[PDB]
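Step one of this worksheet: look at the structure below.
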Amino acid sequence: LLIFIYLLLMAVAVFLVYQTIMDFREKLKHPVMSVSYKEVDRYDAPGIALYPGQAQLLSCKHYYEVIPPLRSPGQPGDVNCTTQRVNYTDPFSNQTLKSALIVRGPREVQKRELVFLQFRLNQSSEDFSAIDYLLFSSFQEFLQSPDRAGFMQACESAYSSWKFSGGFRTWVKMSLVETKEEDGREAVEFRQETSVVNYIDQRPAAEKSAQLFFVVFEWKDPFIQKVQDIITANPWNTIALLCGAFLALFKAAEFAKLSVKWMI
Amino acid sequence: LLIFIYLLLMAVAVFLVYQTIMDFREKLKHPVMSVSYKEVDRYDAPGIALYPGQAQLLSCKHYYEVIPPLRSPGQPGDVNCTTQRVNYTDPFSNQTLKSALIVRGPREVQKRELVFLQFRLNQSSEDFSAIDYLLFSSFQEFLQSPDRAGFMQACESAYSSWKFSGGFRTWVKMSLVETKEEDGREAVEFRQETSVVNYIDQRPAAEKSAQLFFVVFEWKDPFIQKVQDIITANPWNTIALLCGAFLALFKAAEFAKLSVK
Amino acid sequence: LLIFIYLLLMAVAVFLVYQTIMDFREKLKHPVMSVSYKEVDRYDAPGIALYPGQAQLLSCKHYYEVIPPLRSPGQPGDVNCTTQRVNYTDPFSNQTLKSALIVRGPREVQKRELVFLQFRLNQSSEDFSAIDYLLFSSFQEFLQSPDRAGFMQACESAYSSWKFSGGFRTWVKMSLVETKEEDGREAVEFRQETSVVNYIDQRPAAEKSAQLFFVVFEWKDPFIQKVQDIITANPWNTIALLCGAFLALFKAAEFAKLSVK
Ligand SMILES: *[C@@H]1O[C@H](CO)[C@@H](O)[C@H](O)[C@H]1NC(C)=O
Ligand SMILES: *[C@@H]1O[C@H](CO)[C@@H](O)[C@H](O)[C@H]1NC(C)=O
Ligand SMILES: *[C@@H]1O[C@H](CO)[C@@H](O)[C@H](O)[C@H]1NC(C)=O
């Protein structure tokens, strides 16, 4: 006789709407990630902020794929780079004054341009000597700034610093990572990898008290990495899917009405 | 005259169903990944398992952003940390007995807390001296455990061990990575970045034969990195998507029927 | 009276057409990434290209989880590995000739197999001595090749090289990363982590002028890490989604006609 079957029809309808709402809520909480790479023809000269306390910069120069042997390992030489001294106050603690030396970074990644730095510390009471360094994207931005101390204070918190020790040569391969945030901020940051090589001290024994620091800065590759967060929750697609499901259920109900019209 | 056109209609129907099934099967095999970061106000004191064979722990202390200079680089000092000695058997080979010293790690990342350790090895025949260490999440979990040896054996396989060498000071910045998989094991693991600094030996030449090991443990940042695997294949969304496609083909047939008539 | 409301109906139709098309265009530009791991029962013996200028290979051997202590740190020993010398021209600059020594890498990861290498450099004028090395996937592929020089020239650009310094022992843990791209290059590359340990020089003072290089090669784990790029924009799904949306406005309008009737 006459049997009611559409109860299951709107039960399935409500069930589908419930799962659609749950799925949309779940997708709203777990954005996926996307990674891309961008090739550059030349880099913008970065800024390297060095923090030598009493160590004096013996030499600095711009080189290419090979560094010529040092004429004199531990004596003053020629400085052939653009440097800028700055004084500011540590944001972490406002009782310590920080003096930094800013050096232009290399640009020609295609020609494997590099910057070679050599410092000397005469004497100290510490038993683990190292020099702090920080990397920021644009040296020109540092130059044309009404408040250089404020720029340095902001970069102290916005960036992370590393160390290089004496008695070694440290080779640093540096790369750029850009990130797109939900609010739309373009966050640029530095990645870096180090390689340490023992320094063979051939200086006379009278000069062995002084400690030498050697460091090299140059780009790893011309590829800048890009990371973006993609949200896979589109309300209009969900609305269209729900509408299509509702139409399908309505036409299935009409077909069932016809079927029970013939026989049932 | 009368021309049959709906042949293409259900041909397109079968076409769409076939590609929908293929897309669903393909999506079932390639789950996407999602990455999030969680900021903490304080960490849970980790456990550092150290394996010094004959080296003796000269000193250990809890510090902050700067370490004061050593009063004496290579003489016994004061131990100011909580340590626990344990013995167990190596899961990799059940013929070797391992003795470990467990140290409770730093807790406050907001104040940049450090743990500083200094060991001394008197003499040995090896020409490459290093000390093994392992990191696990909770020291309290180790403390309150009916079988500490079983805990160590499980952590030996569940975690990865590293080394720090003599004649250096090693600075280790550690971070926490949580991972969620299909069945829900909520795995937690450690990541590190290490920096080595030469030790300027100013000790008298009579004591130069002994090797000094210095190591520092610190949290890199208060951010824990969470990774999850998201499956983008929803069977019920596909069913509703397939259901809607059939309606258009049926609805267009009536419009096509009117055009024929 | 008679009020026209379907103006909003095809306004919503045009809005829904502009949407999902903006979405398709956006999704075609941002493919998602998928990460998987594959367990192996045994690796394939890699090729290690070493570039010692004047340093002579004192010793090479295949070991397991522990290396026995050296019988003599700085004297010639026994070479117990398969090596092949090759000469070619640097692709970066065609005016320099490069001579490489190819060593067949470790094979079994379940037993923690090691390759141990020891070189000696007698004397040189440089003040920073290091040896270059490069890793490629298959040593057998290198062996059976009509042009070995061309193989090395291709591997120079297709791979990246690292260095290991003298006065240290360098331990290298290496792993394989596979990547699937659009047209199917299935690029395989090497990831590596290093650990340096000070070498305790106990040689007589007369032989201290020579530099000793020690290096160890081992697989980190039996997990090959795979990366794929998934495009989430399916035109067939988009067409079906648009088809369902159009029918909703048509049937709702018919219901609206009944409502005003
Ligand atoms: C930074 O302070 C030092 C104090 O020793 C001073 O000599 C130097 O001129 C200052 N430089 C700048 C840029 O303020
Ligand atoms: C644990 O091992 C150590 C060193 O091997 C030794 O004191 C003894 O065998 C064990 N000690 C205790 C307290 O279990
Ligand atoms: C390859 O180079 C080596 C060293 O430069 C030298 O024996 C010769 O030039 C070449 N040998 C062979 C066998 O091709």
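Computed from the coordinates by the stated procedures, all read-outs in this text should not be read as laboratory data. Here Cβ is always computed from backbone atoms with ideal geometry, including for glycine, and neighbour counts include all displayed protein chains.
If you go through segment C:229-261 and keep only what is over 40 Å from the mean Cα position of the chain (by Cα), at the interface with chain A (Cβ under 8 Å from one of its Cβ atoms) and either under 24 Å from C:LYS180 (Cα atoms) or surrounded by fewer than 16 Cβ atoms within 10 Å (Cβ to Cβ) (or both), you end up with nothing. All told, A:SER259 falls short of being within 30 Å of C:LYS208 (Cα to Cα) and either away from chain B (no Cβ under 11 Å) or touching a strand residue (DSSP E or B) at 6+ places or on another chain (Cβ under 7 Å) (or both).
Is it the case that some residue within segment A:71-79 is touching a residue at least 24 places away in the same chain (Cβ under 8 Å), in a loop (DSSP other than H, G, I, E, B) and closer than 30 Å to C:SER93 by Cβ? Yes, segment A:71-79 has at least one match.
Which one of these is in a helix (DSSP H, G or I), touching a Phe, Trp or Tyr at 6+ places or on another chain (Cβ under 8 Å) and of a type outside the set (A, V, I, L, M, F, W, C): C:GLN192, C:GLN153?
Being in a helix (DSSP H, G or I), touching a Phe, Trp or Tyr at 6+ places or on another chain (Cβ under 8 Å) and of a type outside the set (A, V, I, L, M, F, W, C) holds for just one of C:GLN192, C:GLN153, which is C:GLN153.
The lone criterion from (1) surrounded by 15 or more Cβ atoms within 10 Å (Cβ to Cβ); (2) within 16 Å of ligand 2 (Cβ to nearest atom); (3) over 30 Å from B:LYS38 (Cβ atoms) left unmet by B:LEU97 is number (1). Scanning segment B:206-225 for residues that are in contact with a strand residue (DSSP E or B) (Cβ under 7 Å, 6 or more places away or on another chain), surrounded by fewer than 17 Cβ atoms within 10 Å (Cβ to Cβ) and not in a loop (DSSP other than H, G, I, E, B) gives B:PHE223, B:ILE224, B:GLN225. Taking segment A:81-106 as the range and being of a type in the set (A, V, I, L, M, F, W, C) and either in contact with a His (Cβ under 6 Å, 6 or more places away or on another chain) or surrounded by 16 or more Cβ atoms within 10 Å (Cβ to Cβ) (or both) as the test, the residues that pass are A:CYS81, A:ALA100, A:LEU101, A:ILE102, A:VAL103. Would you confirm whether or not segment B:168-186 contains a residue that is in contact with a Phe, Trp or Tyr (Cβ under 7 Å, 6 or more places away or on another chain) and assigned to a loop (DSSP other than H, G, I, E, B)? There is no residue in segment B:168-186 that is in contact with a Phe, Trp or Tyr (Cβ under 7 Å, 6 or more places away or on another chain) and assigned to a loop (DSSP other than H, G, I, E, B). For segment A:225-264, residues that are in a helix (DSSP H, G or I) and touching a residue at least 24 places away in the same chain (Cβ under 8 Å) total 11. For segment B:79-136, enumerate the residues that are in contact with a strand residue (DSSP E or B) (Cβ under 9 Å, 6 or more places away or on another chain), assigned to a loop (DSSP other than H, G, I, E, B) and more than 14 Å from chain C (Cβ to nearest Cβ). Scanning segment B:79-136 gives B:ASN80, B:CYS81, B:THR82, B:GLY105, B:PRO106, B:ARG107, B:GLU108, B:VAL109, B:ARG112, B:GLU113.
Do you know which of the residues in segment B:142-181 that are free of Cβ contacts under 8 Å to residues at least 24 places away in the same chain and of a type outside the set (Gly, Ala, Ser) is farthest from B:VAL215 (Cα to Cα)? Restricting to residues being free of Cβ contacts under 8 Å to residues at least 24 places away in the same chain and of a type outside the set (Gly, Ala, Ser), the top hit is B:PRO146.
Scan segment C:139-150 for residues that are part of a loop (DSSP other than H, G, I, E, B) and in contact with a helix residue (DSSP H, G or I) (Cβ under 7 Å, 6 or more places away or on another chain) and jot them down.
Across segment C:139-150, the qualifying residue is only C:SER145.
For segment A:96-132, a tally of residues being more than 16 Å from ligand 1 (Cβ to nearest atom) and away from every other protein chain (no Cβ under 12 Å) returns 13. Here is the figure for segment A:1-51: residues that are touching a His at 6+ places or on another chain (Cβ under 9 Å) and without any contact (Cβ under 8 Å) to a residue 40 or more places away in the chain total 0. Of all residues in segment A:141-186, those being part of a strand (DSSP E or B) and away from chain B (no Cβ under 13 Å) number 9.
Highlighted here would be strands (runs of 3 or more DSSP E) found entirely within segment C:1-71 that include at least 1 residues which are more than 14 Å from chain B (Cβ to nearest Cβ), over 28 Å from C:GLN84 (Cβ atoms) and among the β-branched types (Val, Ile, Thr), but there are none.
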